[PDB]
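See structure below.
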Amino acid sequence: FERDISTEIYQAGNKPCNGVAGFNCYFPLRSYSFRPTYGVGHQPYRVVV
Amino acid sequence: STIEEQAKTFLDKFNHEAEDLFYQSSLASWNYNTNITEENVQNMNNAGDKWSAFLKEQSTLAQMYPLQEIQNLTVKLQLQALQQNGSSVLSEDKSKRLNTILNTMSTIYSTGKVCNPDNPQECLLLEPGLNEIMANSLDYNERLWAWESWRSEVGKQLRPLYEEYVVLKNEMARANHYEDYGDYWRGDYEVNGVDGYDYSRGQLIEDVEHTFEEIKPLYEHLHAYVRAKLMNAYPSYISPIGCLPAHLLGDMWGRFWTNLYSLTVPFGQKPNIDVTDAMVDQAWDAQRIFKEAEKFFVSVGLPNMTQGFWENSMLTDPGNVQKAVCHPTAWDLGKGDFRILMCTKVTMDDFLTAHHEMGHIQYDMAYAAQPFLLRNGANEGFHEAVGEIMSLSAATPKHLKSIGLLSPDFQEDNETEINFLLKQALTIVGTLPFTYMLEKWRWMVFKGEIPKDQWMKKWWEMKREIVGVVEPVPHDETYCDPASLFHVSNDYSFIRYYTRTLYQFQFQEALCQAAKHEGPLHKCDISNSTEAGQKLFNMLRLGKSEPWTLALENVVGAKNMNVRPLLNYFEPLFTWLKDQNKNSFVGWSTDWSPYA
Ligand SMILES: *[C@@H]1O[C@H](CO)[C@@H](O[C@@H]2O[C@H](CO)[C@@H](O)[C@H](O)[C@H]2NC(C)=O)[C@H](O)[C@H]1NC(C)=O
Ligand SMILES: *[C@@H]1O[C@H](CO)[C@@H](O)[C@H](O)[C@H]1NC(C)=O
Ligand SMILES: *[C@@H]1O[C@H](CO)[C@@H](O)[C@H](O)[C@H]1NC(C)=O
Ligand SMILES: *[C@@H]1O[C@H](CO)[C@@H](O)[C@H](O)[C@H]1NC(C)=O
Ligand SMILES: *[C@@H]1O[C@H](CO)[C@@H](O)[C@H](O)[C@H]1NC(C)=O
Ligand SMILES: *[C@@H]1O[C@H](CO)[C@@H](O)[C@H](O)[C@H]1NC(C)=O
Ligand SMILES: [Zn+2]
Numbered sequence: 464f465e466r467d468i469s470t471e472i473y474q475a476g477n478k479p480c481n482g483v484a485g486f487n488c489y490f491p492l493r494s495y496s497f498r499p500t501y502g503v504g505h506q507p508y509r510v511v512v
Numbered sequence: 019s020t021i022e023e024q025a026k027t028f029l030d031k032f033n034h035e036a037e038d039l040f041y042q043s044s045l046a047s048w049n050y051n052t053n054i055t056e057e058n059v060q061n062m063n064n065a066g067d068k069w070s071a072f073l074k075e076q077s078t079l080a081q082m083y084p085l086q087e088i089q090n091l092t093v094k095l096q097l098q099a100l101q102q103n104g105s106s107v108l109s110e111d112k113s114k115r116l117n118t119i120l121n122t123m124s125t126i127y128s129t130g131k132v133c134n135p136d137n138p139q140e141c142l143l144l145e146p147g148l149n150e151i152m153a154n155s156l157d158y159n160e161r162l163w164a165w166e167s168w169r170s171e172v173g174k175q176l177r178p179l180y181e182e183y184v185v186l187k188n189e190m191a192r193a194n195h196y197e198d199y200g201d202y203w204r205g206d207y208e209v210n211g212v213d214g215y216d217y218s219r220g221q222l223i224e225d226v227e228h229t230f231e232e233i234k235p236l237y238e239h240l241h242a243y244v245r246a247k248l249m250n251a252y253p254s255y256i257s258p259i260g261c262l263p264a265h266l267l268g269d270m271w272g273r274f275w276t277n278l279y280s281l282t283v284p285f286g287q288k289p290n291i292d293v294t295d296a297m298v299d300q301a302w303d304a305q306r307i308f309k310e311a312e313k314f315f316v317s318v319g320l321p322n323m324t325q326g327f328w329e330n331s332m333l334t335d336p337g338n339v340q341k342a343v344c345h346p347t348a349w350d351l352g353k354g355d356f357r358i359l360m361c362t363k364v365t366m367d368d369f370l371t372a373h374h375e376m377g378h379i380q381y382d383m384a385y386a387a388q389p390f391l392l393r394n395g396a397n398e399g400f401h402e403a404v405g406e407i408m409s410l411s412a413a414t415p416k417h418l419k420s421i422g423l424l425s426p427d428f429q430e431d432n433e434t435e436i437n438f439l440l441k442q443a444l445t446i447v448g449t450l451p452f453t454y455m456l457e458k459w460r461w462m463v464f465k466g467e468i469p470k471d472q473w474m475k476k477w478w479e480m481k482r483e484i485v486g487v488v489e490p491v492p493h494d495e496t497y498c499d500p501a502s503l504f505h506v507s508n509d510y511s512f513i514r515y516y517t518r519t520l521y522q523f524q525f526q527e528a529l530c531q532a533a534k535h536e537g538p539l540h541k542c543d544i545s546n547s548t549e550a551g552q553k554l555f556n557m558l559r560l561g562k563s564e565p566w567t568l569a570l571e572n573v574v575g576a577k578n579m580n581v582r583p584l585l586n587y588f589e590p591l592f593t594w595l596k597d598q599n600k601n602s603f604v605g606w607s608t609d610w611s612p613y614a
């Protein structure tokens with residue numbers, strides 16, 4: 464029952480990320496990039512709980 | 019934060035981006051393949067350039083991980099396939115000269131033009147003229163002229179390019195810590211880090227030599243039979259114990275012996291089983307053929323298949339204005355997208371070919387959950403060693419009678435079995451020594467054991483020994499006969515076909531034992547054998563996460579190449595070849611030549 468909206472880049476290494484994309488510092492957000500030709504198990508699904 | 023954790027964190031994003039990027043590249047290529055237009059050329063080129071740039075950038079980023087500090091035997095496998103420094107170790111000039119060499123080789127091979135004598139106007143390419151002449155024409159003069167022209171006008175155009183290619187490939191192999199480029203090709207089968215299942219590149223040569231030696235007795239009987247049959251057609255062209263001429267092998271290079279079936283048939287009054295007229299009679303179409311194939315596939319327990327395959331992929335020739343390639347292609351775009359292209363015509367050849375591709379995509383969808391870098395077969399032989407065997411099993415008379423294409427009134431007589439086995443041997447048995455000696459010659463050239471001045475001088479003994487073929491006209495080192503092949507000009511390994519041929523028969527023993535089939539091995543049907551379907555799927559689903567040795571153990575229970583199934587397939591045939599060869603010399607001599 465928690466929601467994360469912060470886009471702070473995760474630090475996978477020891478050196479600080481310094482707010483620049485590079486080694487061991489990747490942007491935590493990724494896009495679905497849906498296409499109509501996707502498979503049955505990869506198509507979008509509208510989920511309500 | 020361990021190094022393995024960092025590698026996993028990098029690889030997750032790498033796989034996630036690479037899947038989408040390769041999907042885009044694959045759709046761009048498929049659009050051009052199904053629709054040849056000017057815009058599609060640019061789209062495909064841009065997609066390929068973007069994919070190459072992304073792969074190079076990711077490899078440069080991942081070069082910082084030393085391979086020694088990754089455990090779990092899974093992340094390290096992806097890093098090995100990702101690093102792949104290859105020719106990028108050398109300077110940019112040596113990379114662009116390699117690109118130029120490959121481009122010129124491909125262009126020269128593609129532009130192969132032969133002009134008829136006394137008329138410098140009617141010239142012919144490899145197809146459809148030269149191919150038809152090599153496949154059907156039996157005239158000695160025309161075949162010899164075409165063979166000489168093709169090996170003369172093309173060999174010299176690539177011989178210095180071949181020398182430079184060999185030298186620079188040796189340099190690249192040295193820079194990549196390899197003994198030779200042959201080891202660079204053989205590195206696919208290498209297995210390390212697994213106790214009791216390690217594999218080495220050098221052991222492969224001995225393994226293939228032993229199986230070639232054990233195959234040998236099956237080969238010279240067929241060769242003697244073919245020579246005896248050809249003696250009735252060319253009474254003044256073949257020595258009784260000499261080698262067969264190079265351009266009387268059924269085609270231009272002698273790779274396949276199936277072109278002489280119309281002449282080397284022991285029983286010409288017994289037609290083979292061809293039910294193309296049957297499917298013509300019942301108005302069978304492409305949809306009906308695909309439905310019959312699906313009915314065959316569901317009988318072994320394989321799951322259902324998505325509707326997107328039917329909706330997206332085209333399965334009928336459009337003709338008219340829309341020009342598209344008709345080459346049978348199975349596109350695995352990824353992300354649950356699977357497509358197959360065919361220009362389906364009313365012929366049993368297409369029916370047999372579709373068995374390759376449908377099981378091919380069945381294998382492709384098996385390893386969907388695997389990482390993108392591991393969405394391939396454990397080796398280069400596991401990809402469709404089963405896809406070919408289902409096609410071979412689909413030709414059994416039992417299933418042909420079951421589907422209604424063959425009437426039940428077809429009584430089985432042993433005359434048909436011998437003809438079918440001989441026809442199969444004209445495609446599979448005959449090509450094995452030729453492929454082996456070609457691979458050995460290329461390996462020796464890459465290693466350097468064959469001197470520069472004697473590439474062809476050493477080339478013609480194997481022809482006189484391994485395959486029993488003698489040239490009709492002597493050639494010096496100026497000519498380059500091997501350069502006239504598809505694979506040599508495109509820098510492809512030629513052992514893949516031999517390994518796949520070895521692998522396909524090995525699976526058949528286990529498949530028929532699980533199916534509890536009784537009788538000849540070539541009449542074995544895997545229909546209604548869902549246990550065998552589960553057994554094969556258990557190996558198809560592993561993908562690339564496991565070494566090929568483990569997958570080979572999971573089907574037959576071995577760790578080395580096995581040739582006993584090869585003899586089991588042709589066991590009745592070999593005994594009969596022991597009969598009609600009792601009055602003819604079995605073998606050939608290396609001293610006589612047609613040109614004397
Ligand atoms: C596999 O099993 C199916 C059904 O279990 C077989 O299909 C039937 O075959 C019989 C004769 O073999 C026909 O009379 C029926 O019309 C077929 N269809 C049915 C019952 O729906 C099929 O022949 C079997 N295949 C093999 C190779 O044994
Ligand atoms: C093939 O491409 C041409 C032009 O790019 C287009 O006009 C045509 O509609 C395409 N074919 C199909 C089936 O969409
Ligand atoms: C290898 O890594 C996977 C994560 O992808 C993990 O589930 C598995 O347990 C690891 N292997 C071993 C032997 O711990
Ligand atoms: C090529 O890549 C390998 C793979 O890690 C690396 O060990 C080697 O140092 C690289 N060589 C050059 C010249 O970049
Ligand atoms: C899907 O597979 C089942 C076997 O589990 C089979 O009975 C059914 O006919 C298949 N569906 C189609 C449309 O082929
Ligand atoms: C088929 O079998 C019969 C009896 O076993 C035999 O006489 C005949 O020669 C066989 N056919 C061939 C082609 O050998
Ligand atoms: Zn294939």
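Protein chains in written order, with the authors' numbering: chain C, 464 to 512; chain E, 19 to 614.
Just so you know, even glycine gets a beta-carbon here, dropped at the ideal spot from N, CA and C.
- Neighbours of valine 483/C across chain E, judged by C-beta separation under 7 Å, do not exist; the nearest C-beta is about 14 Å away.
- Unbroken alpha helix (DSSP H) runs of no fewer than 4 residues, entirely contained in the region 282-311 of chain E, are found at 294-299, following chain order.
- Within chain E, the residues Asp38 have their CB atoms less than 7 Å from the CB of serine 496/C, given in chain order.
- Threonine 347/E is outside the set of residues whose beta carbon lies under 8 Å from a beta carbon in chain C.
- Taking a 10 Å sphere around the C-beta of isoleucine 544/E, we find 16 or more other C-beta atoms and assign the residue as buried.
- When secondary structure is reduced to three states using DSSP, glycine 575/E falls in the coil class, being assigned neither helix nor strand.
- For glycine 337/E, the secondary structure class from DSSP, reduced to helix, strand or coil, is coil.
- Chain-ordered, the chain C residues with CB closer than 8 Å to the CB of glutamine 24/E read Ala475, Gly476 and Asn487.
- Using a Cβ-Cβ distance cut-off of 8 Å, the region 513-533 of chain E and the region 462-469 of chain E are not in contact, since fewer than three pairs of beta carbons, one from each stretch, lie closer than that value.
- The beta carbon of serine 167/E sits closer than 7 Å to the beta carbons of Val132 from its chain, once the five residues preceding and following it are set aside; these are given in chain order.
- Taking 8 Å as the threshold, the shortest C-beta distance from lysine 416/E to chain C does not fall below it.
- Residue selection by CB proximity (closer than 5 Å to any heavy atom of ligand 2) returns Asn53/E and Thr55/E in chain order.
- The beta carbon of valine 503/C falls within 8 Å of a beta carbon belonging to chain E, placing the residue at that interface.
- A straight line joining the alpha-carbon of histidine 535/E with that of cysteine 542/E spans about 6 Å.
- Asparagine 277/E is positioned such that its CB atom lies no closer than 8 Å to that of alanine 413/E.
- The chain-ordered list of residues whose CB is nearer than 7 Å to some heavy atom of ligand 5 reads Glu312/E, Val316/E, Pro321/E and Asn322/E.
- In chain order, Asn437 and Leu440 place their CB closer than 8 Å to the CB of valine 283/E, counting only its own chain and leaving out the 5 sequence neighbours on each side.
- In this structure, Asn556/E is the residue among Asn556/E, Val59/E and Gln81/E with its C-alpha nearest to the C-alpha of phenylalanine 400/E.
- Within chain E, the residues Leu45, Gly326, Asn330, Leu351 and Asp355 have their CB atoms less than 8 Å from the CB of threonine 500/C, given in chain order.
- With a cutoff of 7 Å, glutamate 489/E does not count as near ligand 6, since its C-beta is closer than that to no heavy atom of the ligand.
- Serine 19/E sits in coil when the DSSP states are folded into three classes, being neither helix nor strand.
- Chain E has no Cβ within less than 8 Å of the Cβ of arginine 466/C.
- Around the beta carbon of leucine 262/E, a 10 Å sphere encloses 16 or more other beta carbons of the protein chains shown; the residue is thus reported as buried.
- For the pair of segments examined, the region 253-272 of chain E was found to touch the region 488-502 of chain E: the number of CB pairs separated by less than 8 Å reaches three.
- For the set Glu483/E, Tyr243/E and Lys313/E, the Cα lying nearest the Cα of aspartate 609/E is the one of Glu483/E.
- Secondary structure of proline 263/E (DSSP, three-state): strand.
- For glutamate 564/E, same chain residues with a beta-carbon under 7 Å away, outside a window of 5 residues either side, are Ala396 in chain order.
- The contact set of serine 563/E on chain C, defined by CB atoms closer than 7 Å, is empty, because the minimum CB distance reaches about 20 Å.
- If you check the C-beta of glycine 399/E against ligand 7, you find no heavy atom less than 7 Å away.
- CA-to-CA, the gap between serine 44/E and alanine 342/E works out to about 16 Å.
- Among the CB atoms of chain E, none fall inside 8 Å of the CB of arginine 509/C.
- Three or more beta-carbon pairs drawn from the region 336-353 of chain E and the region 39-53 of chain E are found closer than 8 Å, and the two stretches are therefore classed as touching.
- Rounded to whole angstroms, the separation of the alpha carbons of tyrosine 202/E and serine 280/E is 41 Å.
- The secondary-structure analysis by DSSP pairs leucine 359/E across a beta bridge with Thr347/E.
- In this structure, DSSP gives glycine 66/E a helical state, which the three-state scheme calls helix.
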